[PDB]
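Protein chains in written order, with our numbering: chain A, 41 to 293; chain B, 2 to 152; chain C, -15 to 35; chain D, 14 to 64; chain E, 92 to 134.
Note that CB positions come from ideal geometry on N, CA and C, so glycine has one too.
Right, one structure below, let's go through it.
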Amino acid sequence: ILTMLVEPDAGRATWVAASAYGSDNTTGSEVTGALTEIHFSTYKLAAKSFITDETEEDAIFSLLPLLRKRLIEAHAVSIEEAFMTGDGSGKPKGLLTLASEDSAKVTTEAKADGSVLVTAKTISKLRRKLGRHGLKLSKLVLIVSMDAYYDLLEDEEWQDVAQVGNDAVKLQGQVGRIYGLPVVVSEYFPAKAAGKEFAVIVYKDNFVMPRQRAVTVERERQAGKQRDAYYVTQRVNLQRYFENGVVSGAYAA
Amino acid sequence: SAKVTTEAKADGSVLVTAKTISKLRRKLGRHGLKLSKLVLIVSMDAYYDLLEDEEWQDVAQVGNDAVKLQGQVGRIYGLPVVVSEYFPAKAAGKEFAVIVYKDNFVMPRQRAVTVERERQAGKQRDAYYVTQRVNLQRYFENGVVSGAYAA
Amino acid sequence: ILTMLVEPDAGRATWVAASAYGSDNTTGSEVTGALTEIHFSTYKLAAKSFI
Amino acid sequence: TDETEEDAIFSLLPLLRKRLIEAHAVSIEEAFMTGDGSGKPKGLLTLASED
Amino acid sequence: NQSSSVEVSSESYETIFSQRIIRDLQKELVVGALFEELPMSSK
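Set out below in C-alpha cells:
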C-alpha cells in the first residue's frame, strides 16, 4: 500500500464591526483545516501453459513462438478488458464502473435500436457534468464505441461544407475532431443495449497505473511429466486521485 | 447475411440515396474503419439515381463537386465509385451496390489462357481450343457487404 | 490444392484472488489453442470453334 | 511465497531460518525429556516408568 | 499478506507513507485584483 496526503479546502476571514475595534473580536474568527489521505494497491493477473516433449519432434515445424506470443497477447487482452469495464471483485474497477458509482453516468436520449442515433451534440453535452475539470480541452480524452462512431458518421450536423468547413463528412467519410475533442475508437465497450454505455470522457491527468512487478516469464521443467510449463505473471491496478474526472454517456431505457 | 435490405424501392418511388450506400459500411465491422481498403461497385440504375440526389446539388452543400455544376458523381462519402452493368435485374430484394474488402479475396490460377489449333483433315476443319484454369477464393469468411432493394 | 494455416484467436489471463496466493492457483489458468487450415482449388473454363 | 518478500519493507528470511532451527532444537529436547517409543526416542521419564 | 508461513505484525509494516501533499483544482479569482486601488491616509 502507498499513502499520500491531500490538502484540505479553503476557509474564509470575517468582517469586524467598528464597535469591536477595541474588544477581542477585532481579530475575527479562527480558521481550521484537517488533512486527509488516499491509498493505492495492486492486483495479480497470471496465466500458464504447458508443452509436452513429444510434439516438438512430432511436427514439421516448431510450436514454441506461437505459445509465447499467445500468452503475451492473452495478458494484454485481459488487461485492456478489465481496465475498460472491469469490476471491483479481485480486479481493477473499470472506467465505466467508476462513472456509474460517481453518479456521472449520463442517460442520453439515443435508443438501443436506432430510433434515435448518437449525435455530436449529445457527446459534447457531457462536458457539463465534469464541472471545473471540463473547462480545458487539452486535458481531456474521448473514447467512443464502434457503433457510436458509425452513428456519428451519419450525423446530420457534420454533412455540408457550409456547416463544418471543409471537414464535412461527405468530402471525407471519417470523423476526426468533434466539438474540439479528438476521437478515439474502442471496441471493448459493452453490448448495445438499453442503459448501456457508448462513450466516456476522462480527465487524463487524474489517473495513475500502480505496478508492483512487470510481465515475467517463468519456465519450468517437469521430468516426471516430460512437460515444459510456462508461467506469466504481473501485478497492476488502475487508480485515480479524487472521485471525479470521469463522465460516461449511456443509452436510453 | 451481409445483404442489407435497404429502403430503396425497385419500382422507383424512393431513389437510392448516397446515405443509403454509405450506411452499408456499418455491417463491415472491423474492416470498415479504414477507407483506403474498400471498393464500391454500383449498378447503372443506382448511378442514375445517385445523379438525382437532393444532397449533392448546391455548391454550399458539397464544395465544388456539386452535381448541378458537373453532372458526374465521383467520390461518394470518401469512397470512389465504379459503375458495373452485371448486377441482376432491378426487382424486389435485388442488389444494386457492393462494398468489398479488397485484400480478403484472391484469384488462384493453374494455367493461363491458351489457344490450341487442330487441323482435322478427315473433316476439313480447323478446330480452335481456348482453355484456362482459375477460381475466386477469399481468405476469411467476411469482407464483402451488398445492399438490396426493399420489398 | 494448396493448404494454408490459420492462426487461432486470443485467450485471456485471470485475476487470482488473494486467498489462493500460496496455493497452485496463483499460477492462473491455462490457455489453449489449435491451428486451422484453409484450402484453395480451381476450375476449368474452355470453349471451341471450327472453320 | 514470492509475493510476500516484495509485499514488505524488510526481508523475512533470517527469521524463517532461525524459527526452523529452534523448532528442531525444542522438539529434540522435548522428545528426549518424555518422548514415547512410538516413532520417537524413549524419554527418560518413559524409561524410568518402564523400569 | 497472510499467505506464507511467516506474517508481518500489521498493515502498518506493509505500507509506505509519503510526505507528498497534493491538491485538487481551485476556483480561479477574478474580481479580487481587476480594479484600480485608491490609497487613503485617513478615515
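Beta-carbon contacts of residue i that lie in its chain and below 8 angstroms, excluding the five residues immediately before and after
i, result
"residue 253 of chain A", "273, 274, 275"
"residue 128 of chain A", "137"
Host beta strand (DSSP E) of residue i (start-end)
i, result
"residue 268 of chain A", "267 to 276"
"residue 110 of chain E", "107 to 113"
"residue 44 of chain A", "42 to 46"
"residue 86 of chain A", "83 to 92"
"residue 145 of chain A", "145 to 147"
Limits of the unbroken alpha helix (DSSP H) element including residue i
i, result
"residue 186 of chain A", "186 to 193"
"residue 238 of chain A", "Residue 238 of chain A -> not in any alpha helix (DSSP H); beta strand (DSSP E) instead, spanning 237 to 243."
"residue 62 of chain D", "57 to 63"
"residue 115 of chain A", "104 to 125"
"residue 163 of chain A", "160 to 165"
"residue 209 of chain A", "209 to 212"
Simplified DSSP state of residue i, which is helix, strand or coil
i, result
"residue 131 of chain E", "coil"
"residue 260 of chain A", "strand"
"residue 149 of chain B", "strand"
"residue 21 of chain C", "strand"
"residue 55 of chain A", "coil"
"residue 226 of chain A", "strand"
"residue 110 of chain B", "strand"
"residue 170 of chain A", "helix"
"residue 14 of chain C", "strand"
"residue 172 of chain B", "Here chain B has residues from 2 to 152 only, and residue 172 of chain B is not among them."
6 angstroms Cβ shell around residue i - same chain, five flanking residues per side excluded
i, result
"residue 151 of chain A", "292"
"residue 260 of chain A", "269"
"residue 114 of chain A", "87"
"residue 20 of chain C", "-10"
"residue -13 of chain C", "21, 23"
"residue 26 of chain B", "33"
Alpha-carbon to alpha-carbon, residue j and residue i
i, j, result
"residue 97 of chain B", "residue 20 of chain B", "14 angstroms"
"residue 44 of chain D", "residue 31 of chain D", "20 angstroms"
"residue 257 of chain A", "residue 104 of chain A", "14 angstroms"
"residue 66 of chain A", "residue 52 of chain A", "15 angstroms"
"residue 106 of chain A", "residue 147 of chain A", "44 angstroms"
"residue 145 of chain A", "residue 64 of chain A", "51 angstroms"
"residue 84 of chain A", "residue 281 of chain A", "21 angstroms"
"residue 94 of chain E", "residue 39 of chain B", "56 angstroms"
"residue 94 of chain B", "residue 149 of chain B", "5 angstroms"
"residue 111 of chain E", "residue 78 of chain A", "11 angstroms"
"residue 33 of chain B", "residue 144 of chain B", "9 angstroms"
"residue 16 of chain D", "residue 5 of chain C", "8 angstroms"
"residue 134 of chain A", "residue 278 of chain A", "8 angstroms"
"residue 59 of chain A", "residue 114 of chain E", "39 angstroms"
"residue 248 of chain A", "residue 103 of chain E", "23 angstroms"
"residue 101 of chain A", "residue 0 of chain C", "34 angstroms"
"residue 105 of chain E", "residue 80 of chain A", "12 angstroms"
"residue 156 of chain A", "residue 149 of chain A", "7 angstroms"
"residue 176 of chain A", "residue 107 of chain E", "34 angstroms"
"residue 175 of chain B", "residue 214 of chain A", "The question about residue 175 of chain B has no answer here: the residues shown for chain B are numbered 2 through 152."
"residue 26 of chain C", "residue 204 of chain A", "51 angstroms"
"residue 96 of chain E", "residue 263 of chain A", "28 angstroms"
"residue -2 of chain C", "residue 91 of chain A", "20 angstroms"
"residue 241 of chain A", "residue 187 of chain A", "17 angstroms"
"residue 132 of chain A", "residue 243 of chain A", "18 angstroms"
"residue 202 of chain A", "residue 118 of chain E", "38 angstroms"
"residue 200 of chain A", "residue 90 of chain B", "34 angstroms"
Beta-carbon contacts of residue i that lie in its chain and below 7 angstroms, excluding the five residues immediately before and after
i, result
"residue 28 of chain B", "3, 5, 146"
"residue 53 of chain B", "16"
"residue 78 of chain B", "19, 23"
"residue 88 of chain B", "44, 96, 97"
Original post:
Of the residues that make up the segment 107 to 125 of chain A, which ones have a beta carbon closer than 9 angstroms to any beta carbon in chain C?
Top reply: 107, 110, 111, 113, 114, 115, 116, 117, 118, 119, 121, 122
Subject >> Contact set between the segment 103 to 131 of chain E and chain A, restricted to residues whose Cβ is under 8 angstroms from the partner >> reply: 105, 106, 107, 108, 109, 110, 111, 112, 113, 114, 115, 116, 117, 118
Subject >> Interface positions of the segment 69 to 91 of chain A facing chain C (Cβ-Cβ less than 9 angstroms), listed along the chain >> reply: Residues 83, 84, 85, 86, 87, 88, 89, 90.
Original post:
According to a CB-to-CB cut-off of less than 7 angstroms, which residues of the segment -10 to 4 of chain C neighbour chain A?
Top reply: -6, -5, -4, -3, -2, -1, 0, 1
Original post:
Given a limit of 7 angstroms on CB to CB distance, which residues of the segment 215 to 248 of chain A reach chain C?
Top reply: none
**OP:** May I ask you to list, following chain order, the residues of the segment 261 to 284 of chain A that have a beta carbon less than 9 angstroms from some beta carbon of chain E?
**Re:** 281, 282, 284
Subject >> Contact residues within the segment 184 to 202 of chain A, judged by C-beta distance below 9 angstroms to chain B >> reply: 186, 187, 189, 190, 191, 193, 194, 199, 200, 201, 202
Original post:
Relative to chain B, which residues along the segment 132 to 158 of chain A have a C-beta separation below 9 angstroms, given in chain order?
Top reply: Taking 9 angstroms as the upper bound on Cβ-Cβ separation, chain B lies near no residue of the segment 132 to 158 of chain A.
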